[PDB]
file my_file.pdb (PDB, C-alpha atoms and all ligand atoms)
ATOM      1  CA  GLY L   6    -184.943  34.565   3.033  1.00  0.00           C
ATOM      2  CA  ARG L   7    -185.710  31.058   1.830  1.00  0.00           C
ATOM      3  CA  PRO L   8    -182.687  29.652  -0.016  1.00  0.00           C
ATOM      4  CA  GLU L   9    -184.644  29.001  -3.225  1.00  0.00           C
ATOM      5  CA  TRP L  10    -185.353  32.758  -3.638  1.00  0.00           C
ATOM      6  CA  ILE L  11    -182.327  33.323  -5.827  1.00  0.00           C
ATOM      7  CA  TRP L  12    -183.810  30.912  -8.437  1.00  0.00           C
ATOM      8  CA  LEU L  13    -187.245  32.598  -8.129  1.00  0.00           C
ATOM      9  CA  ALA L  14    -185.507  35.933  -8.846  1.00  0.00           C
ATOM     10  CA  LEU L  15    -183.741  34.527 -11.919  1.00  0.00           C
ATOM     11  CA  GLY L  16    -186.875  32.871 -13.295  1.00  0.00           C
ATOM     12  CA  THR L  17    -188.729  36.171 -12.690  1.00  0.00           C
ATOM     13  CA  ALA L  18    -186.055  38.066 -14.624  1.00  0.00           C
ATOM     14  CA  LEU L  19    -185.791  35.591 -17.487  1.00  0.00           C
ATOM     15  CA  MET L  20    -189.561  35.327 -17.928  1.00  0.00           C
ATOM     16  CA  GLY L  21    -189.966  39.105 -17.710  1.00  0.00           C
ATOM     17  CA  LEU L  22    -187.262  39.790 -20.255  1.00  0.00           C
ATOM     18  CA  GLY L  23    -188.708  37.125 -22.529  1.00  0.00           C
ATOM     19  CA  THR L  24    -192.197  38.611 -22.305  1.00  0.00           C
ATOM     20  CA  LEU L  25    -190.990  42.089 -23.212  1.00  0.00           C
ATOM     21  CA  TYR L  26    -188.908  40.824 -26.120  1.00  0.00           C
ATOM     22  CA  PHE L  27    -191.845  38.860 -27.594  1.00  0.00           C
ATOM     23  CA  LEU L  28    -194.217  41.752 -27.049  1.00  0.00           C
ATOM     24  CA  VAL L  29    -191.873  44.128 -28.852  1.00  0.00           C
ATOM     25  CA  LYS L  30    -191.431  41.819 -31.861  1.00  0.00           C
ATOM     26  CA  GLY L  31    -195.109  40.900 -31.780  1.00  0.00           C
ATOM     27  CA  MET L  32    -196.504  44.387 -32.030  1.00  0.00           C
ATOM     28  CA  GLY L  33    -194.157  45.122 -34.894  1.00  0.00           C
ATOM     29  CA  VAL L  34    -195.518  42.342 -37.101  1.00  0.00           C
ATOM     30  CA  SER L  35    -198.582  42.924 -39.235  1.00  0.00           C
ATOM     31  CA  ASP L  36    -199.308  39.412 -40.579  1.00  0.00           C
ATOM     32  CA  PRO L  37    -202.603  38.174 -39.062  1.00  0.00           C
ATOM     33  CA  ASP L  38    -201.546  34.570 -38.588  1.00  0.00           C
ATOM     34  CA  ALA L  39    -198.179  35.565 -37.129  1.00  0.00           C
ATOM     35  CA  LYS L  40    -199.859  37.982 -34.723  1.00  0.00           C
ATOM     36  CA  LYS L  41    -201.960  35.056 -33.351  1.00  0.00           C
ATOM     37  CA  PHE L  42    -198.897  32.964 -32.567  1.00  0.00           C
ATOM     38  CA  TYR L  43    -197.286  36.030 -31.003  1.00  0.00           C
ATOM     39  CA  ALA L  44    -200.275  36.843 -28.868  1.00  0.00           C
ATOM     40  CA  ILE L  45    -200.489  33.264 -27.552  1.00  0.00           C
ATOM     41  CA  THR L  46    -196.703  32.932 -27.056  1.00  0.00           C
ATOM     42  CA  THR L  47    -196.219  36.287 -25.323  1.00  0.00           C
ATOM     43  CA  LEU L  48    -198.993  35.457 -22.782  1.00  0.00           C
ATOM     44  CA  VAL L  49    -197.231  32.270 -21.647  1.00  0.00           C
ATOM     45  CA  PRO L  50    -194.097  33.772 -20.065  1.00  0.00           C
ATOM     46  CA  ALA L  51    -196.314  36.702 -19.010  1.00  0.00           C
ATOM     47  CA  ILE L  52    -198.370  34.438 -16.764  1.00  0.00           C
ATOM     48  CA  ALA L  53    -195.167  32.693 -15.605  1.00  0.00           C
ATOM     49  CA  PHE L  54    -193.580  36.107 -14.806  1.00  0.00           C
ATOM     50  CA  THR L  55    -196.453  37.137 -12.543  1.00  0.00           C
ATOM     51  CA  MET L  56    -196.432  33.791 -10.718  1.00  0.00           C
ATOM     52  CA  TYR L  57    -192.676  33.657 -10.226  1.00  0.00           C
ATOM     53  CA  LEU L  58    -192.863  37.224  -8.901  1.00  0.00           C
ATOM     54  CA  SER L  59    -195.618  36.297  -6.389  1.00  0.00           C
ATOM     55  CA  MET L  60    -193.632  33.354  -5.138  1.00  0.00           C
ATOM     56  CA  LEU L  61    -190.482  35.478  -4.935  1.00  0.00           C
ATOM     57  CA  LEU L  62    -192.485  37.829  -2.726  1.00  0.00           C
ATOM     58  CA  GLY L  63    -193.750  35.034  -0.457  1.00  0.00           C
ATOM     59  CA  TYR L  64    -197.049  34.040  -2.039  1.00  0.00           C
ATOM     60  CA  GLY L  65    -198.251  30.693  -3.406  1.00  0.00           C
ATOM     61  CA  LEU L  66    -196.455  28.734  -0.691  1.00  0.00           C
ATOM     62  CA  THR L  67    -198.206  26.569   1.921  1.00  0.00           C
ATOM     63  CA  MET L  68    -197.273  23.920   4.527  1.00  0.00           C
ATOM     64  CA  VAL L  69    -198.660  20.451   3.962  1.00  0.00           C
ATOM     65  CA  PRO L  70    -198.251  17.715   6.575  1.00  0.00           C
ATOM     66  CA  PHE L  71    -197.262  14.284   5.403  1.00  0.00           C
ATOM     67  CA  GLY L  72    -194.534  11.865   6.428  1.00  0.00           C
ATOM     68  CA  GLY L  73    -194.738  13.149   9.983  1.00  0.00           C
ATOM     69  CA  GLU L  74    -193.458  16.541   8.858  1.00  0.00           C
ATOM     70  CA  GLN L  75    -194.541  19.983   7.790  1.00  0.00           C
ATOM     71  CA  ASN L  76    -193.688  20.308   4.095  1.00  0.00           C
ATOM     72  CA  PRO L  77    -193.369  23.496   2.056  1.00  0.00           C
ATOM     73  CA  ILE L  78    -195.362  23.284  -1.169  1.00  0.00           C
ATOM     74  CA  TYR L  79    -195.360  26.034  -3.882  1.00  0.00           C
ATOM     75  CA  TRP L  80    -198.877  25.876  -5.196  1.00  0.00           C
ATOM     76  CA  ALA L  81    -198.429  29.005  -7.295  1.00  0.00           C
ATOM     77  CA  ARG L  82    -196.682  26.794  -9.876  1.00  0.00           C
ATOM     78  CA  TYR L  83    -199.999  24.999 -10.694  1.00  0.00           C
ATOM     79  CA  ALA L  84    -201.752  28.363 -11.304  1.00  0.00           C
ATOM     80  CA  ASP L  85    -199.024  29.148 -13.758  1.00  0.00           C
ATOM     81  CA  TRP L  86    -199.068  25.735 -15.460  1.00  0.00           C
ATOM     82  CA  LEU L  87    -202.879  25.447 -15.582  1.00  0.00           C
ATOM     83  CA  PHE L  88    -202.924  28.247 -18.217  1.00  0.00           C
ATOM     84  CA  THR L  89    -199.448  28.087 -19.803  1.00  0.00           C
ATOM     85  CA  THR L  90    -199.329  24.410 -20.669  1.00  0.00           C
ATOM     86  CA  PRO L  91    -202.572  24.456 -22.687  1.00  0.00           C
ATOM     87  CA  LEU L  92    -201.438  27.685 -24.426  1.00  0.00           C
ATOM     88  CA  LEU L  93    -198.246  25.889 -25.423  1.00  0.00           C
ATOM     89  CA  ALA L  94    -200.301  23.017 -26.836  1.00  0.00           C
ATOM     90  CA  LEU L  95    -202.465  25.467 -28.741  1.00  0.00           C
ATOM     91  CA  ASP L  96    -199.345  26.836 -30.284  1.00  0.00           C
ATOM     92  CA  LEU L  97    -198.406  23.380 -31.524  1.00  0.00           C
ATOM     93  CA  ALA L  98    -201.987  22.647 -32.486  1.00  0.00           C
ATOM     94  CA  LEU L  99    -202.287  25.742 -34.689  1.00  0.00           C
ATOM     95  CA  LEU L 100    -198.915  24.995 -36.396  1.00  0.00           C
ATOM     96  CA  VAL L 101    -200.189  21.651 -37.698  1.00  0.00           C
ATOM     97  CA  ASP L 102    -203.780  22.488 -38.277  1.00  0.00           C
ATOM     98  CA  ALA L 103    -204.952  20.054 -35.652  1.00  0.00           C
ATOM     99  CA  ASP L 104    -208.699  19.197 -35.457  1.00  0.00           C
ATOM    100  CA  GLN L 105    -210.866  21.038 -32.986  1.00  0.00           C
ATOM    101  CA  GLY L 106    -211.796  17.878 -31.206  1.00  0.00           C
ATOM    102  CA  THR L 107    -208.100  17.010 -30.859  1.00  0.00           C
ATOM    103  CA  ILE L 108    -207.388  20.341 -29.160  1.00  0.00           C
ATOM    104  CA  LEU L 109    -210.401  19.993 -26.851  1.00  0.00           C
ATOM    105  CA  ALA L 110    -209.151  16.588 -25.836  1.00  0.00           C
ATOM    106  CA  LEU L 111    -205.597  17.855 -25.269  1.00  0.00           C
ATOM    107  CA  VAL L 112    -206.598  20.873 -23.176  1.00  0.00           C
ATOM    108  CA  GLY L 113    -208.967  18.590 -21.324  1.00  0.00           C
ATOM    109  CA  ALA L 114    -206.163  16.111 -20.607  1.00  0.00           C
ATOM    110  CA  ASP L 115    -203.983  19.067 -19.651  1.00  0.00           C
ATOM    111  CA  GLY L 116    -206.564  20.310 -17.203  1.00  0.00           C
ATOM    112  CA  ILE L 117    -206.578  16.893 -15.597  1.00  0.00           C
ATOM    113  CA  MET L 118    -202.768  16.684 -15.407  1.00  0.00           C
ATOM    114  CA  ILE L 119    -202.410  19.996 -13.647  1.00  0.00           C
ATOM    115  CA  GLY L 120    -205.504  19.475 -11.551  1.00  0.00           C
ATOM    116  CA  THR L 121    -204.544  16.042 -10.186  1.00  0.00           C
ATOM    117  CA  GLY L 122    -200.940  17.160  -9.788  1.00  0.00           C
ATOM    118  CA  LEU L 123    -202.125  19.934  -7.431  1.00  0.00           C
ATOM    119  CA  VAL L 124    -204.490  17.680  -5.520  1.00  0.00           C
ATOM    120  CA  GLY L 125    -201.553  15.351  -5.163  1.00  0.00           C
ATOM    121  CA  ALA L 126    -199.341  18.069  -3.999  1.00  0.00           C
ATOM    122  CA  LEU L 127    -201.836  19.040  -1.269  1.00  0.00           C
ATOM    123  CA  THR L 128    -202.736  15.486  -0.164  1.00  0.00           C
ATOM    124  CA  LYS L 129    -201.885  14.722   3.488  1.00  0.00           C
ATOM    125  CA  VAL L 130    -201.632  10.973   3.194  1.00  0.00           C
ATOM    126  CA  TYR L 131    -198.203  10.250   1.809  1.00  0.00           C
ATOM    127  CA  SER L 132    -199.146   7.143  -0.227  1.00  0.00           C
ATOM    128  CA  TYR L 133    -202.110   8.890  -1.836  1.00  0.00           C
ATOM    129  CA  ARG L 134    -199.899  11.748  -2.966  1.00  0.00           C
ATOM    130  CA  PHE L 135    -198.313   9.298  -5.472  1.00  0.00           C
ATOM    131  CA  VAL L 136    -201.732   8.039  -6.522  1.00  0.00           C
ATOM    132  CA  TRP L 137    -202.554  11.531  -7.730  1.00  0.00           C
ATOM    133  CA  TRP L 138    -199.035  11.803  -9.167  1.00  0.00           C
ATOM    134  CA  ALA L 139    -199.586   8.630 -11.201  1.00  0.00           C
ATOM    135  CA  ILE L 140    -202.842   9.801 -12.702  1.00  0.00           C
ATOM    136  CA  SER L 141    -201.423  13.202 -13.537  1.00  0.00           C
ATOM    137  CA  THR L 142    -198.413  11.587 -15.240  1.00  0.00           C
ATOM    138  CA  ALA L 143    -200.768   9.240 -17.066  1.00  0.00           C
ATOM    139  CA  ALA L 144    -202.608  12.310 -18.452  1.00  0.00           C
ATOM    140  CA  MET L 145    -199.208  13.800 -19.396  1.00  0.00           C
ATOM    141  CA  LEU L 146    -198.225  10.711 -21.355  1.00  0.00           C
ATOM    142  CA  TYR L 147    -201.543  10.789 -23.220  1.00  0.00           C
ATOM    143  CA  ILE L 148    -200.729  14.356 -24.348  1.00  0.00           C
ATOM    144  CA  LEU L 149    -197.191  13.457 -25.465  1.00  0.00           C
ATOM    145  CA  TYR L 150    -198.466  10.430 -27.327  1.00  0.00           C
ATOM    146  CA  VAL L 151    -200.866  12.675 -29.247  1.00  0.00           C
ATOM    147  CA  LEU L 152    -198.246  15.322 -30.026  1.00  0.00           C
ATOM    148  CA  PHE L 153    -195.720  12.648 -31.120  1.00  0.00           C
ATOM    149  CA  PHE L 154    -198.005  10.336 -33.057  1.00  0.00           C
ATOM    150  CA  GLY L 155    -201.025  12.509 -33.888  1.00  0.00           C
ATOM    151  CA  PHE L 156    -199.555  15.947 -34.503  1.00  0.00           C
ATOM    152  CA  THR L 157    -196.542  14.667 -36.405  1.00  0.00           C
ATOM    153  CA  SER L 158    -198.904  12.982 -38.875  1.00  0.00           C
ATOM    154  CA  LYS L 159    -200.895  16.183 -39.352  1.00  0.00           C
ATOM    155  CA  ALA L 160    -197.599  18.029 -39.763  1.00  0.00           C
ATOM    156  CA  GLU L 161    -196.805  15.741 -42.747  1.00  0.00           C
ATOM    157  CA  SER L 162    -199.454  17.606 -44.752  1.00  0.00           C
ATOM    158  CA  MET L 163    -197.904  21.014 -44.119  1.00  0.00           C
ATOM    159  CA  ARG L 164    -195.030  22.475 -46.106  1.00  0.00           C
ATOM    160  CA  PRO L 165    -191.519  21.218 -45.137  1.00  0.00           C
ATOM    161  CA  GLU L 166    -190.629  24.450 -43.322  1.00  0.00           C
ATOM    162  CA  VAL L 167    -193.692  24.225 -41.106  1.00  0.00           C
ATOM    163  CA  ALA L 168    -193.209  20.519 -40.440  1.00  0.00           C
ATOM    164  CA  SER L 169    -189.459  21.106 -39.567  1.00  0.00           C
ATOM    165  CA  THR L 170    -190.254  23.833 -37.029  1.00  0.00           C
ATOM    166  CA  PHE L 171    -192.922  21.660 -35.407  1.00  0.00           C
ATOM    167  CA  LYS L 172    -190.517  18.692 -35.011  1.00  0.00           C
ATOM    168  CA  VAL L 173    -188.053  20.831 -33.127  1.00  0.00           C
ATOM    169  CA  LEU L 174    -190.755  22.261 -30.834  1.00  0.00           C
ATOM    170  CA  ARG L 175    -192.303  18.824 -30.567  1.00  0.00           C
ATOM    171  CA  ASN L 176    -188.928  17.440 -29.432  1.00  0.00           C
ATOM    172  CA  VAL L 177    -188.269  20.334 -27.067  1.00  0.00           C
ATOM    173  CA  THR L 178    -191.707  19.796 -25.477  1.00  0.00           C
ATOM    174  CA  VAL L 179    -191.353  16.015 -25.158  1.00  0.00           C
ATOM    175  CA  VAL L 180    -187.928  16.224 -23.542  1.00  0.00           C
ATOM    176  CA  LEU L 181    -188.753  19.022 -21.086  1.00  0.00           C
ATOM    177  CA  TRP L 182    -192.288  17.939 -20.053  1.00  0.00           C
ATOM    178  CA  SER L 183    -191.305  14.340 -19.282  1.00  0.00           C
ATOM    179  CA  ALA L 184    -188.822  15.712 -16.796  1.00  0.00           C
ATOM    180  CA  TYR L 185    -191.431  17.450 -14.595  1.00  0.00           C
ATOM    181  CA  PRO L 186    -192.991  14.291 -13.111  1.00  0.00           C
ATOM    182  CA  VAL L 187    -189.601  12.894 -12.107  1.00  0.00           C
ATOM    183  CA  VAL L 188    -188.622  16.239 -10.471  1.00  0.00           C
ATOM    184  CA  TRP L 189    -191.891  16.208  -8.544  1.00  0.00           C
ATOM    185  CA  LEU L 190    -191.265  12.584  -7.582  1.00  0.00           C
ATOM    186  CA  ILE L 191    -187.807  12.993  -6.069  1.00  0.00           C
ATOM    187  CA  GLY L 192    -188.353  16.537  -4.819  1.00  0.00           C
ATOM    188  CA  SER L 193    -190.343  18.414  -2.157  1.00  0.00           C
ATOM    189  CA  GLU L 194    -193.707  17.122  -3.304  1.00  0.00           C
ATOM    190  CA  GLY L 195    -192.633  13.497  -3.524  1.00  0.00           C
ATOM    191  CA  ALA L 196    -189.772  11.544  -1.908  1.00  0.00           C
ATOM    192  CA  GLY L 197    -188.174  14.634  -0.422  1.00  0.00           C
ATOM    193  CA  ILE L 198    -184.733  13.518  -1.646  1.00  0.00           C
ATOM    194  CA  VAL L 199    -183.847  16.609  -3.681  1.00  0.00           C
ATOM    195  CA  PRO L 200    -184.010  19.771  -1.529  1.00  0.00           C
ATOM    196  CA  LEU L 201    -186.428  22.639  -2.335  1.00  0.00           C
ATOM    197  CA  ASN L 202    -183.592  25.041  -3.295  1.00  0.00           C
ATOM    198  CA  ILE L 203    -182.205  22.603  -5.932  1.00  0.00           C
ATOM    199  CA  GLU L 204    -185.786  21.674  -6.972  1.00  0.00           C
ATOM    200  CA  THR L 205    -186.595  25.338  -7.572  1.00  0.00           C
ATOM    201  CA  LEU L 206    -183.509  25.570  -9.801  1.00  0.00           C
ATOM    202  CA  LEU L 207    -184.579  22.508 -11.843  1.00  0.00           C
ATOM    203  CA  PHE L 208    -188.098  23.785 -12.434  1.00  0.00           C
ATOM    204  CA  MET L 209    -186.768  27.207 -13.340  1.00  0.00           C
ATOM    205  CA  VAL L 210    -184.513  25.711 -16.020  1.00  0.00           C
ATOM    206  CA  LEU L 211    -187.345  23.673 -17.395  1.00  0.00           C
ATOM    207  CA  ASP L 212    -189.901  26.430 -17.122  1.00  0.00           C
ATOM    208  CA  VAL L 213    -187.762  29.059 -18.919  1.00  0.00           C
ATOM    209  CA  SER L 214    -186.590  26.523 -21.542  1.00  0.00           C
ATOM    210  CA  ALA L 215    -190.177  25.398 -22.103  1.00  0.00           C
ATOM    211  CA  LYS L 216    -191.524  28.923 -22.365  1.00  0.00           C
ATOM    212  CA  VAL L 217    -188.902  31.376 -23.562  1.00  0.00           C
ATOM    213  CA  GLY L 218    -186.831  28.686 -25.256  1.00  0.00           C
ATOM    214  CA  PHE L 219    -189.880  27.277 -26.969  1.00  0.00           C
ATOM    215  CA  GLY L 220    -190.945  30.846 -27.856  1.00  0.00           C
ATOM    216  CA  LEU L 221    -187.643  31.920 -29.402  1.00  0.00           C
ATOM    217  CA  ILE L 222    -187.676  28.866 -31.663  1.00  0.00           C
ATOM    218  CA  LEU L 223    -191.292  29.319 -32.699  1.00  0.00           C
ATOM    219  CA  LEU L 224    -191.329  33.121 -33.124  1.00  0.00           C
ATOM    220  CA  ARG L 225    -188.114  33.318 -35.101  1.00  0.00           C
ATOM    221  CA  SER L 226    -189.426  30.759 -37.635  1.00  0.00           C
ATOM    222  CA  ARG L 227    -191.104  31.407 -41.101  1.00  0.00           C
ATOM    223  CA  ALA L 228    -193.638  28.848 -40.125  1.00  0.00           C
ATOM    224  CA  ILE L 229    -195.927  31.264 -38.201  1.00  0.00           C
ATOM    225  CA  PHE L 230    -196.554  33.174 -41.436  1.00  0.00           C
ATOM    226  CA  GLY L 231    -199.774  33.063 -43.319  1.00  0.00           C
TER
HETATM  227  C1  LIG W 301    -194.230  26.409 -18.457  1.00  0.00           C
HETATM  228  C2  LIG W 301    -194.565  25.166 -17.812  1.00  0.00           C
HETATM  229  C3  LIG W 301    -194.613  23.932 -18.447  1.00  0.00           C
HETATM  230  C4  LIG W 301    -194.311  23.675 -19.884  1.00  0.00           C
HETATM  231  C5  LIG W 301    -194.989  22.891 -17.520  1.00  0.00           C
HETATM  232  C6  LIG W 301    -195.114  21.592 -17.865  1.00  0.00           C
HETATM  233  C7  LIG W 301    -195.459  20.807 -16.677  1.00  0.00           C
HETATM  234  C8  LIG W 301    -195.630  19.457 -16.741  1.00  0.00           C
HETATM  235  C9  LIG W 301    -195.493  18.629 -18.001  1.00  0.00           C
HETATM  236  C10 LIG W 301    -195.979  18.917 -15.447  1.00  0.00           C
HETATM  237  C11 LIG W 301    -196.268  17.624 -15.062  1.00  0.00           C
HETATM  238  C12 LIG W 301    -196.649  17.015 -13.727  1.00  0.00           C
HETATM  239  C13 LIG W 301    -196.878  15.608 -13.808  1.00  0.00           C
HETATM  240  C14 LIG W 301    -196.822  14.679 -14.970  1.00  0.00           C
HETATM  241  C15 LIG W 301    -197.265  14.807 -12.544  1.00  0.00           C
HETATM  242  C16 LIG W 301    -197.022  15.429 -11.180  1.00  0.00           C
HETATM  243  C17 LIG W 301    -197.242  16.884 -11.077  1.00  0.00           C
HETATM  244  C18 LIG W 301    -196.812  17.809 -12.303  1.00  0.00           C
HETATM  245  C19 LIG W 301    -197.863  18.917 -12.403  1.00  0.00           C
HETATM  246  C20 LIG W 301    -195.500  18.511 -11.762  1.00  0.00           C
END

call {"tool": "encode", "arguments": {"input": "my_file.pdb", "output": "structure tokens", "more": "lines below"}}
Ligand SMILES: *C/C=C(C)/C=C/C=C(C)/C=C/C1=C(C)CCCC1(C)C
result
Amino acid sequence: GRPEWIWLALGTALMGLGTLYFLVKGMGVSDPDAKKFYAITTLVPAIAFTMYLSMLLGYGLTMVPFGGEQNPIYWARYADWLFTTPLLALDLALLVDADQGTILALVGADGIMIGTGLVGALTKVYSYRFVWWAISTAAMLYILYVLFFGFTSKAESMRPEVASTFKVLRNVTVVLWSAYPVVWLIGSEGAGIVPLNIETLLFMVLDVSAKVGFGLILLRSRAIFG
């Protein structure tokens, strides 16, 4: 009966619907290249759907003590993000033909961001929580710098239609991702200013927008076509 459950139920529903819709459209398409984008992009909200469900049912939540209090931390989010954020990057990476080393570096950075974020989430010394938060956000910025400067340049060599689709997704990604560290900062994991219920709502709106929103834009485009 935690108050944030209503948002966990809506994120479950939205992610589940989104998965089904993408699966249905995906299995209908025969183009090889398009099927690859569909397979990657249907997996993302799939993973998110299972995690939101678990949390809705009481899993992935633990009490961490810091600030002289017992604080409720949803660690199931990091298990979701660990695998969905690199898959989203792969989507963007395939669109622009990015180099294999570039992708290895991104995913690597991404592993670090999610890994330090979680360590930071679980840290019992208040001050140190933000030390882990800082590194994680530093890793995040590296990724955004690459997608904005690096990937946009590679996109330049693709047809206009492919480059156009990437810019939209690149913008969607940049705007949504940069909002996660601030939410963590002022929410349950950080300053404890925004309450967990509201925080769950914020992450749900970002999550769904970043997965199903991102998906709808990518999968409805001509750009995934070989
Ligand atoms: C579907 C989920 C997506 C697209 C999640 C993106 C998540 C981020 C960009 C998260 C970033 C974080 C930081 C920069 C620092 C503190 C902890 C995190 C993990 C909340």

call {"tool": "residues_near_point", "arguments": {"input": "my_file.pdb", "point": "(-198.1, 12.1, -3.6)", "cutoff": "12 Å", "atoms": "all atoms listed in the file", "output": "PDB file with C-alpha atoms, in the frame of the given file"}}
result
ATOM      1  CA  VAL L  69    -198.660  20.451   3.962  1.00  0.00           C
ATOM      2  CA  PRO L  70    -198.251  17.715   6.575  1.00  0.00           C
ATOM      3  CA  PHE L  71    -197.262  14.284   5.403  1.00  0.00           C
ATOM      4  CA  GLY L  72    -194.534  11.865   6.428  1.00  0.00           C
ATOM      5  CA  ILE L  78    -195.362  23.284  -1.169  1.00  0.00           C
ATOM      6  CA  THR L 121    -204.544  16.042 -10.186  1.00  0.00           C
ATOM      7  CA  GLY L 122    -200.940  17.160  -9.788  1.00  0.00           C
ATOM      8  CA  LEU L 123    -202.125  19.934  -7.431  1.00  0.00           C
ATOM      9  CA  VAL L 124    -204.490  17.680  -5.520  1.00  0.00           C
ATOM     10  CA  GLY L 125    -201.553  15.351  -5.163  1.00  0.00           C
ATOM     11  CA  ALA L 126    -199.341  18.069  -3.999  1.00  0.00           C
ATOM     12  CA  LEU L 127    -201.836  19.040  -1.269  1.00  0.00           C
ATOM     13  CA  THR L 128    -202.736  15.486  -0.164  1.00  0.00           C
ATOM     14  CA  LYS L 129    -201.885  14.722   3.488  1.00  0.00           C
ATOM     15  CA  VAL L 130    -201.632  10.973   3.194  1.00  0.00           C
ATOM     16  CA  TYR L 131    -198.203  10.250   1.809  1.00  0.00           C
ATOM     17  CA  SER L 132    -199.146   7.143  -0.227  1.00  0.00           C
ATOM     18  CA  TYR L 133    -202.110   8.890  -1.836  1.00  0.00           C
ATOM     19  CA  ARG L 134    -199.899  11.748  -2.966  1.00  0.00           C
ATOM     20  CA  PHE L 135    -198.313   9.298  -5.472  1.00  0.00           C
ATOM     21  CA  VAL L 136    -201.732   8.039  -6.522  1.00  0.00           C
ATOM     22  CA  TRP L 137    -202.554  11.531  -7.730  1.00  0.00           C
ATOM     23  CA  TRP L 138    -199.035  11.803  -9.167  1.00  0.00           C
ATOM     24  CA  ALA L 139    -199.586   8.630 -11.201  1.00  0.00           C
ATOM     25  CA  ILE L 140    -202.842   9.801 -12.702  1.00  0.00           C
ATOM     26  CA  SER L 141    -201.423  13.202 -13.537  1.00  0.00           C
ATOM     27  CA  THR L 142    -198.413  11.587 -15.240  1.00  0.00           C
ATOM     28  CA  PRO L 186    -192.991  14.291 -13.111  1.00  0.00           C
ATOM     29  CA  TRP L 189    -191.891  16.208  -8.544  1.00  0.00           C
ATOM     30  CA  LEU L 190    -191.265  12.584  -7.582  1.00  0.00           C
ATOM     31  CA  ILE L 191    -187.807  12.993  -6.069  1.00  0.00           C
ATOM     32  CA  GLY L 192    -188.353  16.537  -4.819  1.00  0.00           C
ATOM     33  CA  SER L 193    -190.343  18.414  -2.157  1.00  0.00           C
ATOM     34  CA  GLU L 194    -193.707  17.122  -3.304  1.00  0.00           C
ATOM     35  CA  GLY L 195    -192.633  13.497  -3.524  1.00  0.00           C
ATOM     36  CA  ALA L 196    -189.772  11.544  -1.908  1.00  0.00           C
ATOM     37  CA  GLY L 197    -188.174  14.634  -0.422  1.00  0.00           C
TER      38      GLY L 197
END

call {"tool": "residues_near_ligand", "arguments": {"input": "my_file.pdb", "ligand": "ligand LIG 301 (chain W)", "cutoff": "9 Å", "atoms": "only C-alpha atoms and all ligand atoms", "output": "VMD selection string"}}
result
chain L and resid 49 to 50 53 82 to 83 85 to 91 93 115 118 to 123 125 to 126 135 137 to 146 178 to 179 181 to 190 194 208 211 to 217

call {"tool": "axis_aligned_box", "arguments": {"input": "my_file.pdb", "around": "range 52-60 of chain L", "padding_each_side": "4 Å", "output": "lines of an AutoDock Vina configuration file"}}
result
center_x = -195.5
center_y = 35.0
center_z = -11.0
size_x = 13.7
size_y = 12.5
size_z = 19.6

call {"tool": "closest_residue", "arguments": {"input": "my_file.pdb", "among": "L:44, L:56, L:109, L:167", "to": "residue 30 in chain L", "atoms": "only C-alpha atoms"}}
result
L:44

call {"tool": "closest_residue", "arguments": {"input": "my_file.pdb", "among": "L:207, L:38, L:80, L:6", "to": "residue 68 in chain L", "atoms": "only C-alpha atoms"}}
result
L:80

call {"tool": "closest_residue", "arguments": {"input": "my_file.pdb", "among": "L:223, L:152, L:108, L:101", "to": "residue 170 in chain L", "atoms": "all atoms listed in the file"}}
result
L:223

call {"tool": "closest_residue", "arguments": {"input": "my_file.pdb", "among": "L:162, L:180, L:84, L:173", "to": "residue 221 in chain L", "atoms": "all atoms listed in the file"}}
result
L:173

call {"tool": "resolve_selection", "arguments": {"input": "my_file.pdb", "expression": "the PyMOL selection byres (((chain L and resi 12) around 8) and not hetatm)", "output": "PyMOL selection string"}}
result
chain L and resi 9-11+13-16+202+205-206+209

call {"tool": "residues_around", "arguments": {"input": "my_file.pdb", "residues": "residue 60 in chain L", "least_positions_apart": "4", "cutoff": "8 Å", "atoms": "all atoms listed in the file", "output": "PyMOL selection string"}}
result
chain L and resi 13+56+64-66+79+81

call {"tool": "atom_distance", "arguments": {"input": "my_file.pdb", "atom1": "CA of residue 24 in chain L", "atom2": "CA of residue 218 in chain L"}}
result
11.7 Å

call {"tool": "atom_distance", "arguments": {"input": "my_file.pdb", "atom1": "CA of residue 154 in chain L", "atom2": "CA of residue 227 in chain L"}}
result
23.6 Å

call {"tool": "closest_residue", "arguments": {"input": "my_file.pdb", "among": "L:47, L:40, L:7, L:35", "to": "residue 63 in chain L", "atoms": "all atoms listed in the file"}}
result
L:7

call {"tool": "residues_around", "arguments": {"input": "my_file.pdb", "residues": "residue 164 in chain L", "least_positions_apart": "5", "cutoff": "12 Å", "atoms": "only C-alpha atoms", "output": "ChimeraX atom specification"}}
result
/L:100-102,159,169-171,227-231

call {"tool": "closest_residue", "arguments": {"input": "my_file.pdb", "among": "L:166, L:113, L:19, L:174", "to": "residue 54 in chain L", "atoms": "all atoms listed in the file"}}
result
L:19

call {"tool": "atom_distance", "arguments": {"input": "my_file.pdb", "atom1": "CA of residue 156 in chain L", "atom2": "CA of residue 114 in chain L"}}
result
15.4 Å
